[PDB]
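Visitor: Sharing model-v4.csv (CSV, C-alpha atoms) below.
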```csv
chain,number,residue,atom,x,y,z
A,1,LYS,CA,-148.4,4.9,-44.2
A,2,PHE,CA,-146.1,6.2,-41.5
A,3,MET,CA,-147.1,7.2,-38.0
A,4,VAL,CA,-144.6,9.8,-36.6
A,5,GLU,CA,-144.1,11.0,-33.1
A,6,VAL,CA,-141.7,13.8,-32.1
A,7,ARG,CA,-141.0,14.4,-28.4
A,8,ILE,CA,-139.5,17.8,-27.5
A,9,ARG,CA,-137.9,18.6,-24.1
A,10,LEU,CA,-135.6,21.5,-23.0
A,11,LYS,CA,-132.1,20.4,-22.3
A,12,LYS,CA,-131.0,20.0,-18.6
A,13,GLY,CA,-130.0,23.4,-17.2
A,14,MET,CA,-132.4,25.3,-19.5
A,15,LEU,CA,-135.1,27.4,-17.7
A,16,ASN,CA,-138.6,26.1,-18.2
A,17,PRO,CA,-141.1,29.0,-17.5
A,18,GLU,CA,-144.1,26.6,-17.6
A,19,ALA,CA,-142.4,24.0,-15.4
A,20,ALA,CA,-141.5,26.6,-12.9
A,21,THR,CA,-144.9,28.2,-13.0
A,22,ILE,CA,-146.7,24.9,-12.4
A,23,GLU,CA,-144.4,23.9,-9.6
A,24,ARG,CA,-144.8,27.1,-7.7
A,25,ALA,CA,-148.6,27.2,-8.2
A,26,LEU,CA,-148.9,23.6,-6.9
A,27,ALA,CA,-146.8,24.4,-3.8
A,28,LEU,CA,-149.2,27.3,-3.1
A,29,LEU,CA,-152.2,25.1,-3.5
A,30,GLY,CA,-150.6,22.8,-0.9
A,31,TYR,CA,-148.9,20.2,-3.2
A,32,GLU,CA,-145.3,19.5,-2.6
A,33,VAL,CA,-143.8,18.3,-5.9
A,34,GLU,CA,-140.2,18.4,-7.0
A,35,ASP,CA,-138.3,18.2,-10.4
A,36,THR,CA,-141.2,19.4,-12.5
A,37,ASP,CA,-140.6,19.1,-16.2
A,38,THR,CA,-142.6,19.3,-19.4
A,39,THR,CA,-142.5,17.5,-22.7
A,40,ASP,CA,-144.3,18.5,-26.0
A,41,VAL,CA,-145.3,15.6,-28.2
A,42,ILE,CA,-146.2,16.1,-31.8
A,43,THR,CA,-147.8,13.2,-33.7
A,44,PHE,CA,-148.8,12.9,-37.3
A,45,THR,CA,-149.3,10.6,-40.3
A,46,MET,CA,-147.3,11.0,-43.5
A,47,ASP,CA,-147.3,9.3,-46.9
A,48,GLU,CA,-144.0,8.2,-48.3
A,49,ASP,CA,-142.0,5.9,-50.6
A,50,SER,CA,-139.8,4.8,-47.7
A,51,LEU,CA,-139.0,4.8,-44.0
A,52,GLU,CA,-135.7,6.4,-45.0
A,53,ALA,CA,-137.3,9.5,-46.6
A,54,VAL,CA,-139.6,10.0,-43.7
A,55,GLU,CA,-136.6,10.0,-41.3
A,56,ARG,CA,-134.6,12.6,-43.3
A,57,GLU,CA,-137.7,14.7,-43.7
A,58,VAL,CA,-138.9,14.6,-40.2
A,59,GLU,CA,-135.4,15.4,-39.1
A,60,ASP,CA,-135.6,18.5,-41.3
A,61,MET,CA,-138.9,19.6,-39.8
A,62,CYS,CA,-137.4,19.4,-36.3
A,63,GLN,CA,-134.3,21.3,-37.4
A,64,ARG,CA,-136.2,24.2,-39.0
A,65,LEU,CA,-139.7,24.3,-37.4
A,66,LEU,CA,-140.7,22.0,-34.5
A,67,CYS,CA,-137.9,22.9,-32.1
A,68,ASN,CA,-134.6,24.6,-31.4
A,69,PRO,CA,-131.9,21.8,-31.0
A,70,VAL,CA,-129.7,24.4,-29.4
A,71,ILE,CA,-132.0,24.4,-26.3
A,72,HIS,CA,-134.2,21.3,-27.0
A,73,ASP,CA,-133.5,17.6,-26.8
A,74,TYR,CA,-135.8,15.7,-29.2
A,75,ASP,CA,-137.0,12.2,-29.9
A,76,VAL,CA,-138.4,10.9,-33.2
A,77,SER,CA,-140.1,7.6,-33.5
A,78,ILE,CA,-141.5,6.3,-36.8
A,79,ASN,CA,-144.0,3.4,-36.8
A,80,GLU,CA,-145.1,1.9,-40.1
A,81,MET,CA,-148.9,1.6,-40.4
B,1,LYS,CA,-133.9,50.3,-37.1
B,2,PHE,CA,-137.5,49.0,-37.0
B,3,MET,CA,-139.3,47.9,-33.9
B,4,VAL,CA,-141.9,45.3,-34.8
B,5,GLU,CA,-144.8,44.0,-32.8
B,6,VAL,CA,-147.1,41.1,-33.9
B,7,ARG,CA,-150.3,40.5,-31.9
B,8,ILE,CA,-152.0,37.1,-32.5
B,9,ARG,CA,-155.5,36.2,-31.3
B,10,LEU,CA,-157.8,33.3,-32.2
B,11,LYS,CA,-160.8,34.4,-34.3
B,12,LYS,CA,-164.2,34.7,-32.5
B,13,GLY,CA,-165.9,31.3,-32.4
B,14,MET,CA,-162.6,29.5,-32.3
B,15,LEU,CA,-161.9,27.3,-29.2
B,16,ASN,CA,-159.2,28.5,-26.9
B,17,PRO,CA,-157.9,25.6,-24.7
B,18,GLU,CA,-155.8,27.9,-22.5
B,19,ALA,CA,-158.6,30.5,-22.1
B,20,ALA,CA,-161.0,27.7,-21.2
B,21,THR,CA,-158.5,26.1,-18.8
B,22,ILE,CA,-157.7,29.4,-17.1
B,23,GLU,CA,-161.4,30.4,-16.7
B,24,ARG,CA,-162.4,27.0,-15.2
B,25,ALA,CA,-159.4,27.0,-12.9
B,26,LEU,CA,-160.2,30.5,-11.6
B,27,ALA,CA,-163.9,29.6,-11.0
B,28,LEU,CA,-162.7,26.6,-8.9
B,29,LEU,CA,-160.3,28.8,-6.9
B,30,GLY,CA,-163.4,31.0,-6.2
B,31,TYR,CA,-162.9,33.7,-8.9
B,32,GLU,CA,-165.9,34.5,-11.1
B,33,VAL,CA,-164.5,35.8,-14.4
B,34,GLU,CA,-166.3,35.8,-17.8
B,35,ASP,CA,-165.1,36.1,-21.4
B,36,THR,CA,-161.6,35.0,-20.8
B,37,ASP,CA,-159.3,35.4,-23.9
B,38,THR,CA,-155.6,35.2,-24.7
B,39,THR,CA,-153.3,37.2,-27.0
B,40,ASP,CA,-149.7,36.3,-28.0
B,41,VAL,CA,-147.4,39.2,-28.7
B,42,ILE,CA,-144.2,38.8,-30.5
B,43,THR,CA,-141.8,41.8,-30.6
B,44,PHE,CA,-138.5,42.1,-32.4
B,45,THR,CA,-136.0,44.5,-34.0
B,46,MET,CA,-135.1,44.3,-37.6
B,47,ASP,CA,-132.7,46.1,-39.9
B,48,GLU,CA,-133.9,47.2,-43.3
B,49,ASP,CA,-133.7,49.6,-46.2
B,50,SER,CA,-137.3,50.7,-45.8
B,51,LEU,CA,-140.5,50.5,-43.8
B,52,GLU,CA,-142.1,49.0,-46.9
B,53,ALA,CA,-139.8,46.0,-47.0
B,54,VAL,CA,-140.3,45.3,-43.3
B,55,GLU,CA,-144.1,45.4,-43.9
B,56,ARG,CA,-144.1,42.9,-46.7
B,57,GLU,CA,-141.5,40.7,-44.9
B,58,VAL,CA,-143.2,40.7,-41.5
B,59,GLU,CA,-146.5,39.9,-43.4
B,60,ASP,CA,-144.7,36.9,-44.9
B,61,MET,CA,-143.5,35.7,-41.4
B,62,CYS,CA,-147.0,35.8,-40.1
B,63,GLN,CA,-148.4,33.9,-43.1
B,64,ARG,CA,-145.8,31.1,-42.9
B,65,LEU,CA,-144.6,30.9,-39.4
B,66,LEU,CA,-146.0,33.1,-36.6
B,67,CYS,CA,-149.7,32.1,-36.9
B,68,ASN,CA,-152.5,30.5,-38.9
B,69,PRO,CA,-154.6,33.2,-40.5
B,70,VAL,CA,-157.3,30.7,-41.0
B,71,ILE,CA,-157.9,30.6,-37.3
B,72,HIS,CA,-155.9,33.6,-36.1
B,73,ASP,CA,-156.6,37.4,-36.3
B,74,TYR,CA,-153.3,39.3,-36.2
B,75,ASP,CA,-152.0,42.8,-35.8
B,76,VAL,CA,-148.7,44.2,-37.0
B,77,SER,CA,-147.3,47.5,-35.8
B,78,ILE,CA,-144.0,48.9,-37.1
B,79,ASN,CA,-142.3,51.7,-35.2
B,80,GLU,CA,-139.1,53.2,-36.6
B,81,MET,CA,-136.3,53.5,-34.1
```
Let me see the structure of the file written as structure tokens.

Guide:
Amino acid sequence: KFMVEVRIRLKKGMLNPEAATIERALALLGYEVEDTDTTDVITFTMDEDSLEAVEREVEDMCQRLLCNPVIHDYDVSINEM
Amino acid sequence: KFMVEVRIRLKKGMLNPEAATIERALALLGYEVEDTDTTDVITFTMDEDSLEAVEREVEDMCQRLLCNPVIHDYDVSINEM
């Protein structure tokens, strides 16, 4: 019924070990790239009675499982199938 | 009080995207390595009344949060501080 997509990205100012690791590795391989960042996208279908219930529920999953709002900025898009 | 360490590794036969990614990258950089694997270790202190409670609790955390026993083999070591 509902196609959900959650995008998770560390807030500005927050250290990104992977981003820093990739950037340095690239520099060493001879590639000059700046402002390297990483986003994690979780997609998944869900059955519900309404778009409203999916919203409050997905929001719950993000708060207690998918990410740490303290350090992560997240996006949630719900597309009805 | 208790120093806990949880080691998590995919069961034999299970695809390891990272392990496969690292191995191929290395081969390309000129390094011939075989049987590449990865282990995730989570360590953390915890206050308790007993070593027994920590054991049943840590076991719970692994079952519903730290890993997927279906595809992961895990180790749990508890050292009293």

Visitor: Using every Cα, in order, as the fitting set, what is the least-squares RMSD of chain A against chain B?

Guide: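 Across all paired C-alpha atoms, the RMSD is 0.1 Å.
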
Visitor: Any idea what the distance is between CA of residue 45 in chain A and CA of residue 65 in chain A?

Guide: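 Computing it gives 17.0 Å between the two atoms.
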
Visitor: Residues of chain B within 12 Å of chain A, counting all atoms listed in the file - could you list those as number ranges by chain?

Guide: B: 25, 28-29, 64-66

Visitor: From the list A:32, A:58, A:63, A:69, which residue is nearest residue 44 in chain A when using all atoms listed in the file?

Guide: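 Checking each candidate against residue 44 in chain A, we get A:58 as the closest.
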
Visitor: Which distance in Å separates CA of residue 70 in chain A and CA of residue 7 in chain A, to one decimal?

Guide: 15.1 Å

Visitor: Put the listed atoms of range 40-58 of chain B in a box along x, y and z with 5 Å added on every side and give me the centre and edge lengths in Å to one decimal, as AutoDock Vina command-line options.

Guide:
```
--center_x -141.2 --center_y 43.5 --center_z -37.5 --size_x 27.0 --size_y 24.4 --size_z 29.0
```

Visitor: Neighbouring residues of residue 36 in chain A were defined as those with any atom within 10 Å, considering only C-alpha atoms; residues of the same chain fewer than 5 positions away were excluded. Please report them as a PyMOL selection string.

Guide: chain A and resi 16+18-24

Visitor: State, in Å with one decimal place, the distance from CA of residue 37 in chain A to CA of residue 68 in chain A.

Guide: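 We find that CA of residue 37 in chain A and CA of residue 68 in chain A lie 17.2 Å from each other.
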
Visitor: Calculated over all atoms listed in the file, which of the candidates B:52, B:2, B:35, B:59 has the smallest distance to residue 74 in chain B?

Guide: B:59

Visitor: Can you tell me, as a ChimeraX atom specification, what residues are no more than 7 Å from residue 9 in chain B when counting all atoms listed in the file, ignoring any on the same chain fewer than 5 positions away?

Guide: /B:38-40,72-74

Visitor: Choose the residue, out of B:11, B:30, B:17, B:78, that has the smallest atom-to-atom separation from residue 56 in chain B; count all atoms listed in the file.

Guide: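 When distances to residue 56 in chain B are compared using all atoms listed in the file, the smallest one comes from B:78.
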
Visitor: Which residues are close to residue 41 in chain A, i.e. within 7 Å by all atoms listed in the file, leaving aside same-chain residues fewer than 5 positions away? Reply as a list in words.

Guide: residues 5, 6, 7 and 8 of chain A

Visitor: Which of these, B:62, B:46, B:3, B:27, has the shortest distance to residue 77 in chain B once you count only C-alpha atoms?

Guide: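 Of B:62, B:46, B:3, B:27, the one nearest residue 77 in chain B, counting only C-alpha atoms, is B:3.
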
Visitor: With N, CA and C atoms as the goal, would you fill in the gaps in range 31-54 of chain A and present it as a short mmCIF file (atom, residue, chain, number, x, y, z; two decimals), keeping the file's coordinate frame?

Guide:
```cif
data_model
loop_
_atom_site.label_atom_id
_atom_site.label_comp_id
_atom_site.auth_asym_id
_atom_site.auth_seq_id
_atom_site.Cartn_x
_atom_site.Cartn_y
_atom_site.Cartn_z
N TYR A 31 -149.54 21.45 -2.65
CA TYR A 31 -148.90 20.20 -3.20
C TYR A 31 -147.44 20.36 -3.29
N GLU A 32 -146.72 19.48 -2.60
CA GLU A 32 -145.30 19.50 -2.60
C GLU A 32 -144.73 18.53 -3.68
N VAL A 33 -144.34 19.09 -4.81
CA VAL A 33 -143.80 18.30 -5.90
C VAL A 33 -142.42 18.82 -6.24
N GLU A 34 -141.51 17.94 -6.64
CA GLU A 34 -140.20 18.40 -7.00
C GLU A 34 -139.83 17.94 -8.43
N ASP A 35 -138.80 18.54 -9.01
CA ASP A 35 -138.30 18.20 -10.40
C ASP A 35 -139.38 18.16 -11.45
N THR A 36 -140.19 19.21 -11.49
CA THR A 36 -141.20 19.40 -12.50
C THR A 36 -140.64 19.64 -13.85
N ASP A 37 -141.10 18.90 -14.85
CA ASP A 37 -140.60 19.10 -16.20
C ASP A 37 -141.80 18.95 -17.20
N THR A 38 -141.60 19.41 -18.43
CA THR A 38 -142.60 19.30 -19.40
C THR A 38 -142.08 18.87 -20.77
N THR A 39 -142.87 18.05 -21.45
CA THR A 39 -142.50 17.50 -22.70
C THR A 39 -143.64 17.80 -23.71
N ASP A 40 -143.29 18.16 -24.93
CA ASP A 40 -144.30 18.50 -26.00
C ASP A 40 -144.19 17.35 -26.97
N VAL A 41 -145.31 16.69 -27.24
CA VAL A 41 -145.30 15.60 -28.20
C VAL A 41 -146.17 15.94 -29.42
N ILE A 42 -145.55 15.87 -30.59
CA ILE A 42 -146.20 16.10 -31.80
C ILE A 42 -146.35 14.82 -32.60
N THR A 43 -147.57 14.39 -32.91
CA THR A 43 -147.80 13.20 -33.70
C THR A 43 -148.41 13.49 -35.00
N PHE A 44 -148.17 12.66 -36.01
CA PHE A 44 -148.80 12.90 -37.30
C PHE A 44 -148.44 11.86 -38.35
N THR A 45 -149.43 11.58 -39.19
CA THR A 45 -149.30 10.60 -40.30
C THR A 45 -148.65 11.24 -41.47
N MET A 46 -147.95 10.45 -42.26
CA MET A 46 -147.30 11.00 -43.50
C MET A 46 -147.17 9.88 -44.52
N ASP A 47 -147.41 10.24 -45.78
CA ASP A 47 -147.30 9.30 -46.90
C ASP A 47 -145.92 9.40 -47.52
N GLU A 48 -145.29 8.25 -47.76
CA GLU A 48 -144.00 8.20 -48.30
C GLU A 48 -143.65 6.99 -49.15
N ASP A 49 -142.49 7.02 -49.80
CA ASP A 49 -142.00 5.90 -50.60
C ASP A 49 -141.23 4.99 -49.69
N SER A 50 -140.63 5.56 -48.65
CA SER A 50 -139.80 4.80 -47.70
C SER A 50 -139.69 5.34 -46.32
N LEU A 51 -139.24 4.48 -45.41
CA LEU A 51 -139.00 4.80 -44.00
C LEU A 51 -137.83 5.78 -43.93
N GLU A 52 -136.93 5.63 -44.90
CA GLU A 52 -135.70 6.40 -45.00
C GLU A 52 -136.00 7.90 -45.29
N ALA A 53 -136.92 8.14 -46.22
CA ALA A 53 -137.30 9.50 -46.60
C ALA A 53 -138.03 10.21 -45.48
N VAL A 54 -138.88 9.48 -44.77
CA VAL A 54 -139.60 10.00 -43.70
C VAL A 54 -138.63 10.51 -42.60
#
```
